[PDB]
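**Student:** Pasting a structure here, questions to come.
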Amino acid sequence: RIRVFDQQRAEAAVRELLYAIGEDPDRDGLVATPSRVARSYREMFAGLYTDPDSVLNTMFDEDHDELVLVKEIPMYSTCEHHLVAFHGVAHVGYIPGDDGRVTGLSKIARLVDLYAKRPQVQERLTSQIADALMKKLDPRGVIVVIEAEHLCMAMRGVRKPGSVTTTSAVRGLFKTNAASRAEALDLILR
Amino acid sequence: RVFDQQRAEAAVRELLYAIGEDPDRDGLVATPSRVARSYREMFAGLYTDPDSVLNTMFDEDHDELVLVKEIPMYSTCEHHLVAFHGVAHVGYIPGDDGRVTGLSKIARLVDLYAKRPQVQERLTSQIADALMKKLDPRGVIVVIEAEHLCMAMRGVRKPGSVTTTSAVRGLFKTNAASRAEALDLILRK
Amino acid sequence: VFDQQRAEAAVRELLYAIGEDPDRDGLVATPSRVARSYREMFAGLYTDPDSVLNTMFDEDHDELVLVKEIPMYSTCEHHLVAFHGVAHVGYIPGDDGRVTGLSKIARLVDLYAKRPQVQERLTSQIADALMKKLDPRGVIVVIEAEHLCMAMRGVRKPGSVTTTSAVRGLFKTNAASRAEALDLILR
Amino acid sequence: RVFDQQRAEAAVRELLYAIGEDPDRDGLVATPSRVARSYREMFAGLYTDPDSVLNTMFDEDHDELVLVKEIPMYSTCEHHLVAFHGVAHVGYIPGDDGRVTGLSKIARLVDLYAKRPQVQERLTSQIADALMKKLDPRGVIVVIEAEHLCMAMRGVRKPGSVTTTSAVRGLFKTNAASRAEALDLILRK
Amino acid sequence: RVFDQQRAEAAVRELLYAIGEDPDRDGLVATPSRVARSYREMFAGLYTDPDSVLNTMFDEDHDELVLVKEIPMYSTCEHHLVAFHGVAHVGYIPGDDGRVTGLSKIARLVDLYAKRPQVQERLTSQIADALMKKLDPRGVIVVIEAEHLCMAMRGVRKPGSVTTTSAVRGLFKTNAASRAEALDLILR
Amino acid sequence: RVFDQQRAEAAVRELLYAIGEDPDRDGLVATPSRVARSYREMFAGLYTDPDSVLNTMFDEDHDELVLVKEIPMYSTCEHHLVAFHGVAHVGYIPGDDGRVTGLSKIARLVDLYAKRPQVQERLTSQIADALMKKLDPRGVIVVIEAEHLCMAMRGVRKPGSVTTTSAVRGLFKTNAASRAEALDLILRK
Amino acid sequence: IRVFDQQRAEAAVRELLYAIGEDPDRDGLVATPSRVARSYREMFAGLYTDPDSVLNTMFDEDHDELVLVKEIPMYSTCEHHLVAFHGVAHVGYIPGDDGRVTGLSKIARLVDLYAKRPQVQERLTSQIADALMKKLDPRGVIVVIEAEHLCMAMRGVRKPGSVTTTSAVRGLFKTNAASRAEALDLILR
Amino acid sequence: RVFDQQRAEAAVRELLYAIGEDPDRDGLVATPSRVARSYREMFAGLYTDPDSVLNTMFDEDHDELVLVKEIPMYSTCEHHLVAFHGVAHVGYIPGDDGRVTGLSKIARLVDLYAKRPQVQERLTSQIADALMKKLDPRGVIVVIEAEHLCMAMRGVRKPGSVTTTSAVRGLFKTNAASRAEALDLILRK
Amino acid sequence: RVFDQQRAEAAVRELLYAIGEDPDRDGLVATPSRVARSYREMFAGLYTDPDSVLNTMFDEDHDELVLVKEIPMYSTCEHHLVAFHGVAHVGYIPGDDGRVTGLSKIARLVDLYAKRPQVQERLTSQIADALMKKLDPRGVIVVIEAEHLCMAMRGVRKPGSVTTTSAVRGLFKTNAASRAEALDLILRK
Amino acid sequence: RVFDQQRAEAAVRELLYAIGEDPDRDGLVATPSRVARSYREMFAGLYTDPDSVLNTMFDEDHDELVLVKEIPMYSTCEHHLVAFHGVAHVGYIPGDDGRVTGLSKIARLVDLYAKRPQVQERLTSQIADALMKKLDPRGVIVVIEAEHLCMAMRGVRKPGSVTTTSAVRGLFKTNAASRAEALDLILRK
Ligand SMILES: [Cl-]
Ligand SMILES: [Cl-]
Ligand SMILES: [Cl-]
Ligand SMILES: [Zn+2]
Ligand SMILES: [Zn+2]
Ligand SMILES: [Zn+2]
Ligand SMILES: [Zn+2]
Ligand SMILES: [Zn+2]
Ligand SMILES: [Zn+2]
Ligand SMILES: [Zn+2]
Ligand SMILES: [Zn+2]
Ligand SMILES: [Zn+2]
Ligand SMILES: [Zn+2]
């Protein structure tokens, strides 16, 4: 469901937030901040305003049926519990189907970006990317791996800075075959 | 600067409405309260004076540099309220009287200056100024290596870029040879 | 406009000329597939590369913006043989802070590259377009591509990589700025 | 097969018109003729029989594997007429008669089979079959490591990706240890 | 405990005479005062309850292990009053309530238990017990790697030897696999 | 100097009461006596002259540097009575007479000067001076690499810091080339 | 007028086997005179075919920069001892204004035919360089040969595996030292 | 046996005429004599008894394996009169009598058997058998690792391939465990 | 036992005459006295009781293994009067009483037993037995890693070979797990 | 310069009495005869002329450095009759005449000069002088790296120390670059 971004409502909330935390919204470093924060939230939650699935295009690979691997996909998301960024990379691997259906690398990157640009938990994000790729490409298998840094507890000096959370999702052939998942994972780690 | 908790929660709920979400759904019904509490810690520097954390001690035996590295540094961009995080490195030359301070106290000083609406260059300069003021050392050097996320999220910069800022006071500011040597020790791991 | 029917006829005539049998199983679909490959291979002729760039502003920082390992697939205009590699684009935003998306710079490289090209012309065209759109303080473009024209013949070593660079604005006037940018790009 | 130069040139000029270019402009007047000549060498395998290049010699001393590596391999996808290029590795175990052949002669066989409208898997099998036919060896193994550009051009696969294909005949197919050993030697630099 | 300064200082000056030194020479003029201060810091754990430093916080996002490594650890052997120093590694799995604590707070807890007349095994067990009590975790593991100087001082042992001790509570005590995994992370 | 056990023990029991502990627990039942004994061995150098330990030998074959490395070194800061421990490296060039001495004797000399209320520089200078006196060599070099605990215990300095001191006498003092190489020899592991 | 006499060569080898004290009729040597004669025909094939005529005509329309050929198989025989010295050759030439170039296999055959003679390595390298100058009329030529000599290893005089390196520069490479530096660096890399 | 120099030189002059060269040219006027001298050292084993070189000595301390590695081994293929060169490894277990012999003596025995028209397998067996006869050992093991040039000369193989041969006698032949450890020891650097 | 200087010097001069040297030349005039002097130190263990050097001390802190590694070990083969030298490793588990001994005293015990006409196995057992008798530990382990020169001097063995011997007493002899662990620590340097 | 074995055995038995041993115990019964036998091989250089071992050969192809490395070297200090052992490195530049010699002969020359009562520095110079006379080379360089045990036995020096000596003749002495290059090659592993 496509949602509504209310610029003016967001800016008013941000200015109220500055008063609540004790800051002075009128000082020079914060005059434009309510506006800049609203703009950042529009981009930070862009996935709510465009359907992530619609970005993928249709193409066919007539030569090969081998694994298509996409690596080091930029991944910037926001914890839904604390509205704090967790950022890293995503790795998507799919085996084209009998029809040879494929899609552009830039299009897979945008799909990941739109699912990540929502109030998210990393496990939900990994599963959603894999499910959409299965739905749209009708591939034999899909694998998604996200390597991200969570900042919620590191900021509150509870966990070591730099810790990396890793999540994976497997569909189709990678789910049924243990050898296939193991080989795909090795390619991602190397 | 007094933290109004109810005002913060109300603003966050308004923010959830603004972005089109439903604050009453289960995944966000506790979000306004959790975000307000997080903001209390993210801006903790606004409520306690960072300079006051430092304690008084004297090292009478030594004349060498005191160097502290990989101090956790978590801050918030004042322009976008988005985190930039990394590490800080503090080096000071104790004065003739030998005044020093605990390592944990320097870490607390960095944390409190960083836990504010900040710009990285301002944060580095503030840390250097506080150490000079309180310790009266011969020299101070501060280096912050932090990852900024504001422009990376908007696909403008490559992820993982690290910004480095430095501030030099006293001996490190007046003497270029000393600044070069100190910088080498901080950068080399 | 791309005349597909004309292209398919040309490719089929070409198969006859080289001695192949166009009716063979691996070549019956080839005239249509080759025409489609040429539509994308010369896609730059149909879209203005400069038009892809968007307008954005960096309010926080003014340091170098570096974009690396941009896929670059092009075709030699003399022999219609591919040369492929990567491109590296680095620009210093101006006072206004104008910037552009990483994907938009990537598409700009692709569209200029999807033309009958010589690598040196391509490097300058990318650098010039960024200057035009961003009005930056400086721009640097480096292309590392493998040329196949003489490797296809028996004249050149396989795997040789041609490197070209173009510097604009601050990078050309300041030797330190150019030298530092190159070190990060190559490493 | 006979190469017709003028027919190829007419097709190339027709193709340049089809893509919207002007063949008469100064940067492309000579291009149709250059493309016709490049095609003469790019499909040279169609005009000379690859098998005839091999010469006759016998190894009376040893019966161990003959391995030839980093053989230049330049071919053309038959589906898209786009180059895919890399290296080939040929290893054969001489038979009882000890029949062997020169490294350069094997290189020419790979080159002539590769200079055709090809699919990499067919190319590997054809090379192995010819060595099997002519040398009557105990076994043959052929490995091709080439970079394909057809789908990388259409941003579908990662640039720089390497396709590896293999063909095993005789002893290398029947003995798993022999295949494992030969493969290990081929992959090592 | 209650610390008396002049009583310690009188003992230190008495000690210098006993060992044959001259307390009035310039190297030792200020030694009696500094030694009393050093004992105040060396036994700071006797004067503050180590358990009280921990603060209360809750992690609602995660269920994973919290691991803190290379915690500075400086202690004193109770038999010889000679320092043994190294690092401590603390790992706890938060309970259902998600209770956690700050890293600096765990570091200070280790310091105060270490700043006592100690034997390394007692130190490790005391730290593990304190974390179990305050955090109510599913499991706790403590590992201390310290260099002992008592016997190296008496030319009895090779310099540089490292003593390693471990303490496991809750999940790590009941599960052998979990203990092996947690240990592997600590030694690497 | 002489060691009065009863005076030391009375001070130690007084010290344990001063810090507030219970002497009757089993960890302190026998500690008051051991502290007197530990101080006897920790300050054993005050009771034996370090210079007398060296023995007499002559090297008739060689006149090159004699280098002894990783000599165990355990000492105590005189200001805080806290141990600083590490290694010592002693290198001397035998004189015209070819005079040399045993490694075990050099180790004991370092130990006896080290088993005192000490400052690292004074210890290094004393060892070097004693070697010059006893061996009458052409040159002597002494290097001590020790870890100091005084300020690390007070959380003021980084744990693991290594203090390095040097003393050069005779030929190593007059010649920079020989000193530079000798220093290189000591640091290499 | 040169001609290879198979029968005369075999007779000489059989006389050679008698001279060294061996029995030519034993089973391990019955076929040796014929196999050695056949090997000498291939080892001195350069005397029977003109090396220069092998080069073909081609033109590079894209670039005028250096064409570099590396790891060309090179097998030759010392004329003084009739013992093989073997290695690789590296040929680099800058095309002229006309852009003239030639095939890699053609350059390889020119090197091989000059090498397949009674040779001295430096004269071999110079002859390759001159032939490339005359045939390609390039701006410059550089040839480098890295070969292993076996003459003294056979006579237990030198360690096996030593590599003799020779170079020859013509045209632009001889006049310009900078050009030599880049090209030479390219060959050794 | 004895070496007929004049007969060898005449054979070489006939060989030069047969291959089409001019023996009277300056490079080849001295070649026949130089080749004869090379054959004298190359086939020195035919002129000296390998068995007589070993000397008599007794090992009174130990009965464990005596291992000899990296023994220079230079030989000539009897089929092509082309060198194959490498190293030999000899390990023997002294008998009950404790008989042993010098390393230089094993080196000369290896050299004399190797300095003949040889095939590597025969060479390995001959060394092992001679050691068994003379030393009264419990067991003997010989390994030769050599590079063959015969097929590399005829452009069939890449240079540098290494042939490995082994021969086991006595205990190493009867005990699989003893041979297995010894083989691992010989191959490891 | 007591060394007889004059008898030793007379024997050495007789030895120099026997080997054909000139005792009166300048490099040998003082050799008989120097050799006798070296022998007094080389066999010093025969003149002082090795067991008496160990002192008594108690470890109240720990019950772990006490491990001593790289103890200098210089001995003389009794069969050839040739040195074999290396290191010794001594590990003992103190009993409940905590009885221990100094590192320098263990070194002297090893030195005195080693400074005799010896065979390595006897030396290892003697050291282990002495430690058991004096310290009454739960267990003792002694490992000697030494290079023997007896057979290297007579060119029978490869130089650099290391002979390893071990002796286990008490707990290390009864418990294989405890012995296996101690051995692993000693071998891994 | 005869070897009087019976005289040597009598001296060894007298030596055993002198050190306090019982020559009649079973561990020393055979020692005097074993020591005399070892001495015949250990001082073999005194009985045969080292210079005569070199043979006459000529290198007509090349005049660059011939380098022989890791030559086994076992010698005895003349002052203490204690072994010092290591390796020797010999490098010579052939003259215009090209005179050279076998590697084994250089090894034999080094062995016999080393198989004497020696001081390492005389040994290095004698080897260089012998090569200078026999080969009439342009230059010679000799380097010996040996471990001395005399003072390590007397716990005066660290075990394992390596003494390095060098001798340069002719071209290597007059040209500093030639000496520097040769020295670098010798020290490189
Ligand atoms: Cl087909
Ligand atoms: Cl490869
Ligand atoms: Cl660790
Ligand atoms: Zn969160
Ligand atoms: Zn920002
Ligand atoms: Zn081209
Ligand atoms: Zn294709
Ligand atoms: Zn203790
Ligand atoms: Zn201190
Ligand atoms: Zn030659
Ligand atoms: Zn052969
Ligand atoms: Zn012996
Ligand atoms: Zn000596």
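FYI, nothing fancy with the structure tokens labels: chains A, B, ... in order, residues from 1 per chain, ligands from 1 as they appear.
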Can you list, as a ChimeraX atom specification, all residues belonging to segment 1-184 of chain C that DSSP tags as helix (DSSP H, G or I)?

**Tutor:** /C:4-17,30-41,43-45,49-52,102-113,119-134,149-152,170-173,175-184

**Student:** Taking only C-alpha atoms and all ligand atoms into account, report as a list in words which residues have an atom no farther than 9 Å from an atom of ligand 1.

**Tutor:**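 These are the residues that qualify: residues 23, 24, 25, 26 and 27 of chain C.
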
**Student:** Within 12 Å of chain A, which residues of chain E show up when using only C-alpha atoms, listed as a VMD selection string?

**Tutor:** chain E and resid 54 to 70 90 to 94 98 to 107

**Student:** Could the residues of chain G within 8 Å of chain H, counting only C-alpha atoms, be given as JSON, numbers by chain, please?

**Tutor:** {"G": [2, 3, 4, 5, 6, 8, 9, 12, 13, 15, 16, 19, 20, 21, 28, 29, 31, 32, 35, 36, 39, 40, 41, 42, 43, 44, 47, 75, 79, 80, 81, 82, 153, 154, 155]}

**Student:** Write the selection just made, keeping N, CA, C and O atoms, as a CSV table (one decimal), in the first residue's frame?

**Tutor:**
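Below you can see out-v7.csv, which holds the result:
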```csv
chain,number,residue,atom,x,y,z
G,2,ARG,N,73.1,-25.9,-48.6
G,2,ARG,CA,73.0,-26.7,-47.4
G,2,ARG,C,72.0,-27.8,-47.7
G,2,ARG,O,71.0,-27.6,-48.3
G,3,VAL,N,72.3,-29.0,-47.1
G,3,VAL,CA,71.4,-30.1,-47.1
G,3,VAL,C,71.6,-30.9,-45.9
G,3,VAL,O,72.8,-31.1,-45.4
G,4,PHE,N,70.5,-31.4,-45.3
G,4,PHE,CA,70.6,-32.4,-44.2
G,4,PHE,C,70.8,-33.8,-44.7
G,4,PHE,O,70.0,-34.3,-45.5
G,5,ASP,N,71.9,-34.4,-44.2
G,5,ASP,CA,72.2,-35.8,-44.6
G,5,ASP,C,71.8,-36.7,-43.4
G,5,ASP,O,72.6,-36.8,-42.4
G,6,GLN,N,70.6,-37.3,-43.5
G,6,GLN,CA,70.1,-38.2,-42.4
G,6,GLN,C,71.1,-39.3,-42.1
G,6,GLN,O,71.6,-39.5,-41.0
G,8,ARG,N,74.3,-39.7,-43.0
G,8,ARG,CA,75.7,-39.2,-42.5
G,8,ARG,C,75.6,-38.9,-41.0
G,8,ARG,O,76.5,-39.2,-40.3
G,9,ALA,N,74.5,-38.2,-40.6
G,9,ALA,CA,74.4,-37.8,-39.2
G,9,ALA,C,74.3,-39.1,-38.3
G,9,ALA,O,74.9,-39.1,-37.2
G,12,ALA,N,77.7,-40.6,-37.9
G,12,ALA,CA,78.5,-39.9,-37.0
G,12,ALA,C,78.1,-40.2,-35.5
G,12,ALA,O,79.0,-40.3,-34.7
G,13,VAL,N,76.8,-40.3,-35.2
G,13,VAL,CA,76.4,-40.5,-33.9
G,13,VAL,C,76.8,-41.9,-33.4
G,13,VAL,O,77.2,-42.1,-32.3
G,15,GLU,N,79.4,-43.6,-34.5
G,15,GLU,CA,80.9,-43.4,-34.2
G,15,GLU,C,81.1,-42.8,-32.9
G,15,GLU,O,82.1,-43.1,-32.2
G,16,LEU,N,80.2,-41.8,-32.6
G,16,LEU,CA,80.3,-41.1,-31.3
G,16,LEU,C,80.1,-42.1,-30.1
G,16,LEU,O,80.8,-42.0,-29.1
G,19,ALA,N,83.2,-44.1,-29.7
G,19,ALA,CA,84.3,-43.3,-29.1
G,19,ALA,C,84.2,-43.2,-27.6
G,19,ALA,O,85.3,-43.2,-26.9
G,20,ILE,N,83.0,-43.0,-27.1
G,20,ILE,CA,82.9,-42.8,-25.6
G,20,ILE,C,83.0,-44.2,-24.9
G,20,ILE,O,82.8,-44.2,-23.7
G,21,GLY,N,83.2,-45.3,-25.6
G,21,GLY,CA,83.3,-46.6,-25.0
G,21,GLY,C,82.1,-47.4,-24.9
G,21,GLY,O,82.2,-48.5,-24.3
G,28,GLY,N,69.3,-50.3,-25.5
G,28,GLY,CA,69.0,-49.0,-25.1
G,28,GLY,C,69.6,-47.9,-26.1
G,28,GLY,O,69.3,-46.7,-25.9
G,29,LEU,N,70.4,-48.4,-27.1
G,29,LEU,CA,71.0,-47.4,-28.0
G,29,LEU,C,70.9,-47.8,-29.5
G,29,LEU,O,71.4,-47.1,-30.3
G,31,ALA,N,68.4,-47.5,-31.5
G,31,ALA,CA,67.7,-46.5,-32.2
G,31,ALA,C,68.2,-45.1,-31.9
G,31,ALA,O,67.7,-44.1,-32.5
G,32,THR,N,69.2,-45.0,-31.1
G,32,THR,CA,69.7,-43.7,-30.7
G,32,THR,C,70.3,-42.9,-31.8
G,32,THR,O,70.1,-41.7,-31.9
G,35,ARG,N,67.4,-41.4,-33.7
G,35,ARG,CA,66.6,-40.4,-32.9
G,35,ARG,C,67.4,-39.1,-32.8
G,35,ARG,O,66.8,-38.0,-32.8
G,36,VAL,N,68.7,-39.3,-32.6
G,36,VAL,CA,69.5,-38.1,-32.4
G,36,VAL,C,69.6,-37.3,-33.8
G,36,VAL,O,69.6,-36.1,-33.8
G,39,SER,N,66.5,-35.4,-34.2
G,39,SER,CA,66.5,-34.3,-33.3
G,39,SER,C,67.3,-33.1,-33.9
G,39,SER,O,67.0,-32.0,-33.8
G,40,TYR,N,68.5,-33.5,-34.5
G,40,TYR,CA,69.3,-32.5,-35.0
G,40,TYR,C,68.7,-31.8,-36.2
G,40,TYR,O,68.9,-30.6,-36.5
G,41,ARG,N,67.9,-32.5,-37.0
G,41,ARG,CA,67.1,-31.9,-38.1
G,41,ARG,C,66.2,-30.8,-37.6
G,41,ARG,O,66.0,-29.8,-38.2
G,42,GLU,N,65.5,-31.1,-36.5
G,42,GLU,CA,64.6,-30.1,-35.9
G,42,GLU,C,65.3,-29.0,-35.2
G,42,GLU,O,64.9,-27.8,-35.2
G,43,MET,N,66.4,-29.4,-34.5
G,43,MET,CA,67.2,-28.4,-33.7
G,43,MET,C,67.9,-27.4,-34.6
G,43,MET,O,68.2,-26.2,-34.2
G,44,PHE,N,68.2,-27.8,-35.9
G,44,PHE,CA,68.9,-26.9,-36.8
G,44,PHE,C,68.0,-26.6,-38.0
G,44,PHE,O,68.5,-26.3,-39.1
G,47,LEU,N,68.5,-23.5,-40.4
G,47,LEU,CA,69.4,-23.4,-41.5
G,47,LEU,C,68.8,-23.7,-42.8
G,47,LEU,O,69.3,-23.4,-43.9
G,75,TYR,N,64.3,-22.2,-28.2
G,75,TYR,CA,65.2,-23.3,-28.0
G,75,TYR,C,66.3,-23.2,-29.0
G,75,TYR,O,66.1,-23.1,-30.2
G,79,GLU,N,76.9,-23.2,-30.2
G,79,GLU,CA,77.7,-23.7,-31.3
G,79,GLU,C,79.1,-24.2,-30.8
G,79,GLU,O,79.7,-25.1,-31.5
G,80,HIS,N,79.5,-23.8,-29.7
G,80,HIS,CA,80.8,-24.3,-29.2
G,80,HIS,C,80.8,-25.7,-28.6
G,80,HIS,O,81.8,-26.4,-28.7
G,81,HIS,N,79.7,-26.1,-28.0
G,81,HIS,CA,79.6,-27.4,-27.3
G,81,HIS,C,78.5,-28.2,-27.9
G,81,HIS,O,78.3,-29.4,-27.4
G,82,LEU,N,77.7,-27.7,-28.8
G,82,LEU,CA,76.5,-28.4,-29.3
G,82,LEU,C,75.6,-28.9,-28.2
G,82,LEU,O,75.1,-30.1,-28.2
G,153,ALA,N,76.9,-26.8,-16.6
G,153,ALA,CA,76.2,-27.7,-15.7
G,153,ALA,C,76.6,-29.2,-16.0
G,153,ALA,O,76.8,-30.0,-15.1
G,154,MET,N,76.7,-29.5,-17.3
G,154,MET,CA,77.1,-30.8,-17.7
G,154,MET,C,78.6,-31.1,-17.2
G,154,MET,O,78.9,-32.2,-16.8
G,155,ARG,N,79.4,-30.1,-17.3
G,155,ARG,CA,80.8,-30.2,-16.9
G,155,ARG,C,81.0,-29.9,-15.4
G,155,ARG,O,82.1,-29.5,-15.0
```

**Student:** Need to verify the contact set: residue 146 of chain J, 9 Å, only C-alpha atoms, exclusion of same-chain residues closer than 2 positions in sequence. Can you return it as a ChimeraX atom specification?

**Tutor:** /J:73-74,84-88,120,144,148,161-165

**Student:** Give me, as a PDB file with N, CA and C atoms, in the first residue's frame, the contact residues of chain F against chain I at a cut-off of 10 Å, counting only C-alpha atoms.

**Tutor:**
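To be explicit, this is the file written out as out_0.pdb:
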```pdb
ATOM      1  N   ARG F  34      54.991 -13.809  54.775  1.00  0.00           N
ATOM      2  CA  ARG F  34      55.508 -13.882  53.409  1.00  0.00           C
ATOM      3  C   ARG F  34      55.901 -12.517  52.868  1.00  0.00           C
ATOM      4  N   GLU F  60      90.782 -16.484  24.242  1.00  0.00           N
ATOM      5  CA  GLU F  60      92.003 -16.432  23.452  1.00  0.00           C
ATOM      6  C   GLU F  60      91.737 -16.484  21.954  1.00  0.00           C
ATOM      7  N   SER F 104      75.817 -16.553  33.077  1.00  0.00           N
ATOM      8  CA  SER F 104      75.103 -16.661  34.344  1.00  0.00           C
ATOM      9  C   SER F 104      75.540 -15.589  35.332  1.00  0.00           C
ATOM     10  N   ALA F 107      73.926 -12.350  34.299  1.00  0.00           N
ATOM     11  CA  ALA F 107      72.521 -12.389  34.674  1.00  0.00           C
ATOM     12  C   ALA F 107      72.350 -12.074  36.151  1.00  0.00           C
ATOM     13  N   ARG F 108      73.245 -12.597  36.987  1.00  0.00           N
ATOM     14  CA  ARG F 108      73.140 -12.354  38.420  1.00  0.00           C
ATOM     15  C   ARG F 108      73.448 -10.906  38.766  1.00  0.00           C
TER      16      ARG F 108
END
```

**Student:** Please identify all polymer residues within 12 Å of residue 106 of chain C, counting only C-alpha atoms, omitting same-chain residues fewer than 5 positions from it, and present them as a PyMOL selection string.

**Tutor:** (chain A and resi 105-106) or (chain B and resi 155-156) or (chain C and resi 49-50+52-53+66-73+86-89+100-101+111-113+126+130) or (chain D and resi 155)

**Student:** Give as a ChimeraX atom specification every residue of chain C that touches chain G within 10 Å, counting only C-alpha atoms.

**Tutor:** /C:76-79,118,149-151,153-157,160

**Student:** Among segment 30-164 of chain C, which ones does DSSP place in strand (DSSP E), written as a VMD selection string?

**Tutor:** chain C and resid 56 to 57 65 to 76 82 to 92 98 to 99 116 to 117 138 to 147 161 to 164

**Student:** Mind checking which residues fall within 9 Å of residue 123 of chain A, counting only C-alpha atoms, ignoring those fewer than 2 positions away in the same chain, and posting them as number ranges by chain?

**Tutor:** A: 120-121, 125-128, 146, 167-169

**Student:** Got a sec to check which residues lie within 6 Å of ligand 8, using only C-alpha atoms and all ligand atoms, and send them as a ChimeraX atom specification?

**Tutor:** /E:77,79-80,150 /I:61

**Student:** Include C-alpha atoms and write out the residues we just selected as a PDB file, in the first residue's frame.

**Tutor:**
```pdb
ATOM      1  CA  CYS E  77      48.308 -11.592  44.755  1.00  0.00           C
ATOM      2  CA  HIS E  79      49.910 -14.260  49.374  1.00  0.00           C
ATOM      3  CA  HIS E  80      52.791 -11.971  48.347  1.00  0.00           C
ATOM      4  CA  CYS E 150      55.261 -13.658  42.281  1.00  0.00           C
TER       5      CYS E 150
ATOM      6  CA  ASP I  61      50.344 -19.572  44.849  1.00  0.00           C
TER       7      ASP I  61
END
```

**Student:** Distance limit 10 Å, atoms considered: only C-alpha atoms. Which chain I residues sit that close to chain E? Return them as a VMD selection string.

**Tutor:** chain I and resid 57 to 62 64 to 69 100 to 106
